[PDB]
There are 6 protein chains.
Amino acid sequence: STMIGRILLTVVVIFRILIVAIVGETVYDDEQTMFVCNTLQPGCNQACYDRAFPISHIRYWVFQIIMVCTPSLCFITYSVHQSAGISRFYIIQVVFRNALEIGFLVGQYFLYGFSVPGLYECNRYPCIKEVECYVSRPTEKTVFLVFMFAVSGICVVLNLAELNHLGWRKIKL
Amino acid sequence: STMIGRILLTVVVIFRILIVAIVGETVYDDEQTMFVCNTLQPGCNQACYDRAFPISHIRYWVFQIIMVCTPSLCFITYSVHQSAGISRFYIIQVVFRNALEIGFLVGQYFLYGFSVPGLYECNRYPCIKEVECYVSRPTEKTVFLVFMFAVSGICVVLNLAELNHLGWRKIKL
Amino acid sequence: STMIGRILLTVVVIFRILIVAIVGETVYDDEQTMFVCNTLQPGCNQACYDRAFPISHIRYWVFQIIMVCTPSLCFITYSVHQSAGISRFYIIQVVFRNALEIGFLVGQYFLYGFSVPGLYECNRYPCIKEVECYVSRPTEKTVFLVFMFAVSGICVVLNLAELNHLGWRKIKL
Amino acid sequence: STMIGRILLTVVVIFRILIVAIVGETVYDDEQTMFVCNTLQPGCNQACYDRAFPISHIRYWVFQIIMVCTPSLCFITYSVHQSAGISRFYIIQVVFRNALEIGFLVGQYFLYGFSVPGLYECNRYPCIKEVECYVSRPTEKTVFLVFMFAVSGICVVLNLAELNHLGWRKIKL
Amino acid sequence: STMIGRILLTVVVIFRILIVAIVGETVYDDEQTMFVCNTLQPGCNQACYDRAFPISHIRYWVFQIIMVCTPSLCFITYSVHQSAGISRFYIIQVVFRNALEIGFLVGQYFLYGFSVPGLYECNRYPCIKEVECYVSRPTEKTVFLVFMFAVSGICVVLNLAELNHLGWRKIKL
Amino acid sequence: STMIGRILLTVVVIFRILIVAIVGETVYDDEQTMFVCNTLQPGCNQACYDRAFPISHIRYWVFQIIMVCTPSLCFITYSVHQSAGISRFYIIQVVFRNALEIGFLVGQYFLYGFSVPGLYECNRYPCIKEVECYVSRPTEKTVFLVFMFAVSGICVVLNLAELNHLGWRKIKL
Ligand SMILES: O[C@H](c1cc(C(F)(F)F)nc2c(C(F)(F)F)cccc12)[C@@H]1CCCCN1
Ligand SMILES: O[C@H](c1cc(C(F)(F)F)nc2c(C(F)(F)F)cccc12)[C@@H]1CCCCN1
Ligand SMILES: O[C@H](c1cc(C(F)(F)F)nc2c(C(F)(F)F)cccc12)[C@@H]1CCCCN1
Ligand SMILES: O[C@H](c1cc(C(F)(F)F)nc2c(C(F)(F)F)cccc12)[C@@H]1CCCCN1
Ligand SMILES: O[C@H](c1cc(C(F)(F)F)nc2c(C(F)(F)F)cccc12)[C@@H]1CCCCN1
Ligand SMILES: O[C@H](c1cc(C(F)(F)F)nc2c(C(F)(F)F)cccc12)[C@@H]1CCCCN1
């Protein structure tokens, strides 16, 4: 079943790209403008938002998508260069894709977890002692996080299946 | 009368895609900025809006449209792969499209109902006791909800008609 | 003189599409942000705006344009399907176009009238008793309404002329 | 001189289209948000802005550009219809273009004049007695007005030159 | 070495177009929104901004780019018309391009100078007596001004070099 | 191993362009609107922001990308001109690309350093004495700065490898 796997992998990749490109930017548009803290201290909002969300989910996902697409670009550009052999570059491409996908999945888990809480406790200067801040659209962002994790897991499973189909001996040699 | 069924199904799909892509984003642009609650508590607006609208209608509809289009993408990519058999894949594609359409229709009904009320009663922290909040353009959103439900129902009916035309004994084998 | 009728109908259809697509969205951008009521009651602005403009003109016109274009899409897709009889489908397409255009013209008349007043009287909860609200750029919207009505009327006249040229007997059979 | 005339006319038309499409929308973006009146009366700003600028310059110019391009569209569509005589249609097209250009130039002069003043005196309800309002970017709008008038005048002159070259007797039809 | 002159001129023109189109609009987006005057007079901000920046740099540069591109469009349209002689039109096009570029460079210098100050002294009605206003991103705008002046100077030098590489006696005839 | 060098260089260039074009503008959208200083002095925010960020990172990076791409455009246009020799131009193109890349990397290091602090101390007129200002999303901008520096360093290394592969005696002649 080395063909159905490829079909599903291509479809899933296109699905992820389309979903992100269409809705992600809109979801995270008012992330800072609607972030509010219970305080009168100027600059507390900026510091607390920066501490709560060091990197927005959307930018992480864009970086992941481009990086995961990169090895296919390498293979295609090499194929173009060859004309005006290739059977070897394919295995390395698959291995690198596997490694990148697994790394990005683990990175997402360790960076963001599985949920976006509605409240945040912030004790960064210039905020006095500890203050409470309130997040915008926590539930939608939690749903997006879980959905992206699931799609990435499906991609990892399909890539591993293809790699196992290729075989240990071919990879090692 | 299966050919006219395909013609109408294609036209309805294109119509739904065009309507959503052109107006949906504009309709729901100020959903949170014009959402206001009668209170002085910081962060009550954010929590109450998140509780009232866990997932925006537009994002659900975009997800539904892409997911419903997915099986056709699978079939097309399989056909491309085969050249440089197909009669069987068509029935499975039709069945999966039917299932996805029915599931998304039921999900819309159970998530959103048939109307968007103008008032919302909210009792989520940090709001004190129970507060009243006011929604932005509820009537237009209700019209959009009903229209999308009707279009999805028409799509479901056409898909069922085509599947019945195929007959039970081809699906079984 | 059926040929000049077709030429003019195509030209006016393109003209309406271009005008709407280029200006309509910008005309109605600040419809709600610039809508203000003389009151201190939270939520009165939202309710009064929703009551005054249940559906924006621009969205009604977009729906009308797509719906009126739909029969041509049906005919074109049927023609594509036939290649890899047609004379009968043309008359049905013309009749359906006539009906849709007339229906949308009547609907516009009964929904919006011929003018957008600068003042609105609103007595919807939570507004206390009856309040006065002020509309954004009413004159431009009135001009747009009248222009769209005139263009739709011209389209109706041309469609009726073409249908009359076809003849009653052909329509019956 | 008939050839260089057409060359210049085409170049000038393209120039006008490009200038408007690129800068006009940006110039008139904050026309209402930056329009302020010296008053405390709710709704005075909206009424006075509507009175001062019943139709924005940009929308008038877009309408003029599309309407002036329409006769060429009619001629092109007629030519397409003929293939799968034309000498006659060209003269009528030129005459109609002349008439439309002259009409739009006169309309601009009578609607807007040659300058946008920085102050406006407004006595429309709900404003009490008479109030002073202040316009946004009056000088840039005046420059745009004069430039568009000059370009339209050049177009009118070129069209009249072409019409004269055609001759009275040929157009006597 | 005329050929490398053509390469350099073309690449410089493309570079200017790309830089302006990509960054200029974003640089001058908040020119008026972030313009502040130390006063309580309503309407003083509008008048002071209008007197300080009668025409935005970006619009002047767009006008310059389109105008300097125009003669090439004239030449290309003439060439297209010729098929379904040319060696002569080219020198006139070169001369006109050179004159236009020099004129726009001189106009830039005489209209904006070489710097954008952070402070402005405004003395225009309705501002009481003399007021002080503060500009948005003066340093970035100064850098943009100097860069555009340098690019235009390079274009002027290359145009003169091309004109000389042709020679005086062909220009005379 | 010069071919893999070219493959990697092309892929890295495309990667940088895509990342910047997709996320950079959104990262720096609210750089000035969310910049706040602890003061009551009008115009202090503008002056302090202008002093802290004379040129935005995004515009510097756009300029760098276009400038680094320029030599390839020169080579391509020269090749186009030659048809309706080239071996020499390639070496000069490579040398100029190397010089531009190194210069832009050094310029970035000397202009911005390796971090964006969350606090800024500002003593520019009209601010009284010395005030404290707070930056918007400093952490994301720090990450972007470091990532761009790393990508530019990789490009420099690949360019140096290719230039060394060409060797000194070819460059000298
Ligand atoms: O410009 C934005 C965008 C473009 C593109 C691309 F150029 F690759 F097609 N990719 C995007 C992505 C990406 F696909 F993950 F790369 C995410 C978010 C916005 C994207 C989108 C495009 C759709 C409409 C909203 N902005
Ligand atoms: O980028 C937005 C958008 C694009 C596209 C797509 F790229 F697939 F064509 N699909 C959209 C959809 C759709 F449902 F996926 F079709 C919904 C809302 C906005 C969409 C729209 C496009 C029209 C102008 C407003 N933004
Ligand atoms: O995306 C918007 C838009 C697109 C399109 C379409 F995709 F069919 F071409 N149709 C639009 C329509 C139309 F009526 F469907 F033609 C109305 C308003 C905006 C439209 C416009 C397009 C021009 C620039 C402003 N947004
Ligand atoms: O969508 C807007 C627009 C488009 C077009 C068209 F689709 F015909 F090319 N024409 C426009 C016009 C024009 F006059 F019809 F040319 C004016 C203003 C904006 C226009 C512009 C396009 C350039 C970027 C800013 N919006
Ligand atoms: O619509 C804007 C724009 C377009 C164009 C054109 F249509 F000719 F390609 N030219 C622009 C110019 C230019 F100088 F005419 F090239 C300047 C500024 C913005 C421009 C840009 C295009 C890139 C993305 C930001 N808006
Ligand atoms: O118009 C913006 C943009 C365009 C382009 C170009 F026209 F060259 F492709 N280049 C951009 C660049 C680039 F560095 F020049 F590539 C940076 C930031 C935004 C860019 C982007 C394009 C993708 C969607 C968001 N705006």
# chains A, B, ... in the order shown; residues from 1 in each chain; ligands from 1
call {"tool": "select_by_dssp", "arguments": {"residues": "chain C", "states": "helix (DSSP H, G or I)", "output": "JSON, numbers by chain"}}
result
{"C": [2, 3, 4, 5, 6, 7, 8, 9, 10, 11, 12, 13, 14, 15, 16, 17, 18, 19, 20, 21, 22, 23, 24, 25, 26, 27, 44, 45, 46, 47, 48, 49, 50, 51, 52, 57, 58, 59, 60, 61, 62, 63, 64, 65, 66, 67, 68, 69, 70, 71, 72, 73, 74, 75, 76, 77, 78, 79, 80, 81, 82, 86, 87, 88, 89, 90, 91, 92, 93, 94, 95, 96, 97, 98, 99, 100, 101, 102, 103, 104, 105, 106, 107, 108, 109, 110, 111, 112, 138, 139, 140, 141, 142, 143, 144, 145, 146, 147, 148, 149, 150, 151, 152, 153, 154, 155, 156, 157, 158, 159, 160, 161, 162, 163, 164, 165, 166, 168, 169, 170, 171, 172]}
call {"tool": "write_last_selection", "arguments": {"atoms": "C-alpha atoms", "output": "compact mmCIF listing (two decimals), in the first residue's frame"}}
result
# COMPACT_ATOMS: atom_id res chain seq x y z
CA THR C 2 -31.84 40.27 -31.23
CA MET C 3 -28.07 40.60 -31.68
CA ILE C 4 -27.76 44.14 -30.33
CA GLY C 5 -29.91 43.01 -27.42
CA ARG C 6 -27.41 40.30 -26.54
CA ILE C 7 -24.48 42.70 -26.89
CA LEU C 8 -26.11 45.28 -24.62
CA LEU C 9 -27.14 42.65 -22.07
CA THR C 10 -23.60 41.31 -21.80
CA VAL C 11 -22.18 44.82 -21.54
CA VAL C 12 -24.58 45.89 -18.79
CA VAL C 13 -24.00 42.68 -16.83
CA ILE C 14 -20.24 43.25 -16.92
CA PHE C 15 -20.75 46.91 -16.00
CA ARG C 16 -22.83 46.06 -12.93
CA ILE C 17 -20.35 43.43 -11.79
CA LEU C 18 -17.42 45.82 -12.15
CA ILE C 19 -19.11 48.73 -10.37
CA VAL C 20 -20.22 46.61 -7.42
CA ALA C 21 -16.92 44.76 -7.06
CA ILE C 22 -14.89 47.97 -7.18
CA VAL C 23 -16.86 50.43 -5.02
CA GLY C 24 -19.64 48.69 -3.07
CA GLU C 25 -17.44 47.13 -0.41
CA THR C 26 -15.75 50.47 0.28
CA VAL C 27 -19.04 52.39 0.44
CA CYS C 44 -28.56 50.31 22.15
CA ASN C 45 -26.33 51.07 19.15
CA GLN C 46 -26.06 47.40 18.18
CA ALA C 47 -29.79 46.70 18.47
CA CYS C 48 -30.81 49.86 16.62
CA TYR C 49 -28.34 49.25 13.79
CA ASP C 50 -29.50 45.64 13.45
CA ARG C 51 -33.13 46.77 13.31
CA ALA C 52 -32.44 49.56 10.80
CA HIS C 57 -27.31 46.37 0.51
CA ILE C 58 -23.92 45.09 -0.66
CA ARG C 59 -24.55 41.50 0.43
CA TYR C 60 -28.01 41.46 -1.15
CA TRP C 61 -26.50 42.71 -4.41
CA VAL C 62 -23.69 40.14 -4.33
CA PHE C 63 -26.23 37.38 -3.78
CA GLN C 64 -28.34 38.74 -6.64
CA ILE C 65 -25.38 38.89 -9.03
CA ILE C 66 -24.24 35.34 -8.31
CA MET C 67 -27.77 33.95 -8.48
CA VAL C 68 -28.48 35.69 -11.79
CA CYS C 69 -25.21 34.36 -13.22
CA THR C 70 -26.01 30.81 -12.06
CA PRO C 71 -28.21 29.73 -15.03
CA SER C 72 -25.42 30.57 -17.48
CA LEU C 73 -23.10 28.42 -15.39
CA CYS C 74 -25.62 25.58 -15.56
CA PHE C 75 -25.81 25.89 -19.35
CA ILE C 76 -22.02 26.04 -19.76
CA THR C 77 -21.43 23.05 -17.50
CA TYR C 78 -24.09 21.06 -19.36
CA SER C 79 -22.41 21.94 -22.66
CA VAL C 80 -19.05 20.78 -21.28
CA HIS C 81 -20.62 17.54 -20.05
CA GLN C 82 -22.24 16.84 -23.42
CA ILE C 86 -28.72 22.04 -26.64
CA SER C 87 -31.26 24.26 -28.42
CA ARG C 88 -33.91 23.34 -25.83
CA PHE C 89 -31.77 24.20 -22.80
CA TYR C 90 -31.21 27.75 -24.07
CA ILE C 91 -34.89 28.70 -23.82
CA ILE C 92 -35.15 27.32 -20.29
CA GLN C 93 -32.01 29.22 -19.30
CA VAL C 94 -33.48 32.45 -20.69
CA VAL C 95 -36.79 31.94 -18.88
CA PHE C 96 -35.07 31.22 -15.56
CA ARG C 97 -32.85 34.28 -15.96
CA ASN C 98 -35.94 36.41 -16.60
CA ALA C 99 -37.70 35.06 -13.51
CA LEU C 100 -34.68 35.50 -11.24
CA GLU C 101 -34.00 39.06 -12.38
CA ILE C 102 -37.62 40.14 -11.95
CA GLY C 103 -37.81 38.50 -8.53
CA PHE C 104 -34.65 40.21 -7.33
CA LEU C 105 -35.82 43.61 -8.59
CA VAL C 106 -39.14 43.25 -6.76
CA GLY C 107 -37.32 42.03 -3.66
CA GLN C 108 -35.04 45.06 -3.65
CA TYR C 109 -38.02 47.38 -3.98
CA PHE C 110 -39.90 45.73 -1.11
CA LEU C 111 -36.83 45.44 1.15
CA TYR C 112 -35.17 48.84 0.80
CA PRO C 138 -27.11 58.24 3.50
CA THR C 139 -26.94 60.21 0.24
CA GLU C 140 -24.30 58.01 -1.38
CA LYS C 141 -26.25 54.90 -0.38
CA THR C 142 -29.44 56.35 -1.86
CA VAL C 143 -27.61 57.05 -5.12
CA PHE C 144 -26.25 53.50 -5.14
CA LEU C 145 -29.73 52.09 -4.51
CA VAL C 146 -31.28 54.05 -7.37
CA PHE C 147 -28.44 53.19 -9.76
CA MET C 148 -28.68 49.48 -9.00
CA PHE C 149 -32.45 49.58 -9.49
CA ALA C 150 -32.01 51.28 -12.88
CA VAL C 151 -29.40 48.76 -14.04
CA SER C 152 -31.59 45.84 -12.95
CA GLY C 153 -34.54 47.37 -14.80
CA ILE C 154 -32.49 47.67 -17.98
CA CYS C 155 -31.46 44.03 -17.62
CA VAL C 156 -35.11 43.02 -17.15
CA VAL C 157 -36.15 44.93 -20.27
CA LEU C 158 -33.42 43.35 -22.40
CA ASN C 159 -34.25 39.86 -21.11
CA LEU C 160 -37.94 40.39 -21.86
CA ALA C 161 -37.08 41.59 -25.37
CA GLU C 162 -34.99 38.47 -26.01
CA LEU C 163 -37.72 36.20 -24.64
CA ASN C 164 -40.34 37.88 -26.83
CA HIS C 165 -38.05 37.48 -29.85
CA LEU C 166 -37.80 33.75 -29.11
CA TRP C 168 -44.38 32.03 -27.24
CA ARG C 169 -44.69 28.80 -29.25
CA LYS C 170 -41.05 27.83 -28.76
CA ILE C 171 -41.42 28.44 -25.02
CA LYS C 172 -44.48 26.19 -24.83
call {"tool": "select_by_dssp", "arguments": {"residues": "chain B", "states": "strand (DSSP E or B)", "output": "list in words"}}
result
residues 36, 37, 119, 120, 121, 122, 131, 132, 133 and 134 of chain B
call {"tool": "write_last_selection", "arguments": {"atoms": "C-alpha atoms", "output": "PDB file, in the first residue's frame"}}
result
ATOM      1  CA  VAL B  36     -20.275  44.743  24.431  1.00  0.00           C
ATOM      2  CA  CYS B  37     -21.381  43.744  27.930  1.00  0.00           C
ATOM      3  CA  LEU B 119     -28.888  39.162  23.867  1.00  0.00           C
ATOM      4  CA  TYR B 120     -26.600  36.806  25.771  1.00  0.00           C
ATOM      5  CA  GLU B 121     -26.619  35.966  29.484  1.00  0.00           C
ATOM      6  CA  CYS B 122     -23.078  35.395  30.747  1.00  0.00           C
ATOM      7  CA  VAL B 131     -24.302  39.990  33.128  1.00  0.00           C
ATOM      8  CA  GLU B 132     -26.048  40.851  29.869  1.00  0.00           C
ATOM      9  CA  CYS B 133     -24.142  41.172  26.587  1.00  0.00           C
ATOM     10  CA  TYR B 134     -25.234  42.403  23.167  1.00  0.00           C
TER      11      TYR B 134
END
call {"tool": "atom_distance", "arguments": {"atom1": "atom 17 (C, counted along the ligand's line) of ligand 6", "atom2": "atom CA of residue F:28"}}
result
11.8 Å
call {"tool": "atom_distance", "arguments": {"atom1": "atom CA of residue A:41", "atom2": "atom CA of residue F:38"}}
result
8.8 Å
call {"tool": "residues_around", "arguments": {"residues": "stretch 29-31 of chain E", "least_positions_apart": "4", "cutoff": "8 Å", "atoms": "only C-alpha atoms", "output": "list in words"}}
result
residues 25, 35, 135 and 136 of chain E
call {"tool": "atom_distance", "arguments": {"atom1": "atom CA of residue D:34", "atom2": "atom CA of residue D:117"}}
result
14.8 Å
